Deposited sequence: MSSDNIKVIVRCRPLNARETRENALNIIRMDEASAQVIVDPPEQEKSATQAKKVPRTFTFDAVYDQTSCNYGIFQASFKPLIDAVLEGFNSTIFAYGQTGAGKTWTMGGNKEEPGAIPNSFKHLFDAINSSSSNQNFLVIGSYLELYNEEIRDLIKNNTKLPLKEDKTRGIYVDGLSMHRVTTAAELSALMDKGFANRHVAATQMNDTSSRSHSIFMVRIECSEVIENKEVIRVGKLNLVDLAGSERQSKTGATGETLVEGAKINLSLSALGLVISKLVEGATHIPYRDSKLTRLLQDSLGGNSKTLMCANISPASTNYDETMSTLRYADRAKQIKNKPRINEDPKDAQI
């Protein structure tokens, strides 16, 4: 079905507070509405300044992680202007983990609760896309090329893959990647979950995306993402996935074989009215995208 879309408004920050900016954002979480002081938008869920990372995970992100555990491909991407809260939402901190570490914990808590009829193989990868160049954030290898075939789909040739058996191991990979990692770059932490159940192998690919800032080549991928979304919503004959590395990497999450959720991060500051309006209108369009997710069984690429 359609791509899920949520909006998260953070609290006013120090800069905004000291410059006497006013909060122009109102939300009605019961009706999933965001109001810009007024222009009103309705999404799948809205989160105001009182929302915490854990709550957003349980209500909006968790279902996407459960989908991968079931054999579906899932993608969660954070979109919004620099400073809006994409990284805080996707990564958070040790005290208040974001979507990525929360997903790691949930994935393994689920696997540990599985019966003897299921055996799992979890593989992690982490990349940064900047100036149309792909960097392996774990090995810090640069300019990795994209390759694509029938028995693997789109992939980064040379990107290091890491087998992990605990959430702590996955978090350690993220920690190492972060140490090497920005406002103009995109990051994607990938988790491949293969499950052998008894005889039947299923594989789900999870993409945790933290996009480059949307405010106001370096921006080729961001521009291509917008075009791809527009073409999809308009029912165009040709979807320009090939226009950028980002849209090729996420081709399945955009109108393809995947369950996808977009988190549109916004600032509540009056000073950011224009960018907030842009982000919301962008998100409003994205929710019209329809995907065709399917369970991926017995793939000729299964590494288990």
Seminar exercise, completed: Coverage holes, deposited numbering, ordered by position, sit at 1-3, 41-54, 199-208, 226-229, 248-262
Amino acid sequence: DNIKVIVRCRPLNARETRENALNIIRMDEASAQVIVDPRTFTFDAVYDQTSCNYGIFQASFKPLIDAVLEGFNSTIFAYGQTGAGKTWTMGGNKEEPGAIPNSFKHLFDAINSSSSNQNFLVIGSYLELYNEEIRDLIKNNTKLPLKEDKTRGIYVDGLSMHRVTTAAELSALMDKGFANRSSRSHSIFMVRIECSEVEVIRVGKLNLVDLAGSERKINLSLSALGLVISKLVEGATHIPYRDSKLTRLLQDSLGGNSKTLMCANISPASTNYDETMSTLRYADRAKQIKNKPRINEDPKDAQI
From here on, numbers count along this sequence of modelled residues.
Exercise. As stated in the PDB record, which stretch has the larger average Cα B-factor, 90-98 or 133-141?
Worked result: 90-98
Seminar exercise, completed: Of 294-302 vs 1-9, the stretch with the larger average CA B-factor in the entry is 294-302
For this session: Pick out which of 107, 156, 179, 209 has the highest C-alpha B-factor in the PDB entry.
Result: 179
Exercise. Looking at 192, 162, 216, 186, which has the highest Cα B-factor in the entry?
Worked result: 216
For this session: Would you mind ranking residue 277 by its C-alpha B-factor against the rest of the chain and naming the third, lowest, middle or highest?
Result: middle
For this session: Ordered by C-alpha B-factor within the chain, which third holds residue 250? Give me lowest, middle or highest, please.
Result: middle
For this session: Could you look up the Cα B-factor of residue 236 in the entry and say which third of the chain it sits in: lowest, middle or highest?
Result: highest
For this session: Using the B-factors in the PDB entry, rank residue 55's C-alpha atom against the chain and give the third, lowest, middle or highest.
Result: lowest
Exercise. By its CA B factor, does residue 168 count among the lowest, middle or highest third of the modelled residues in the chain?
Worked result: highest
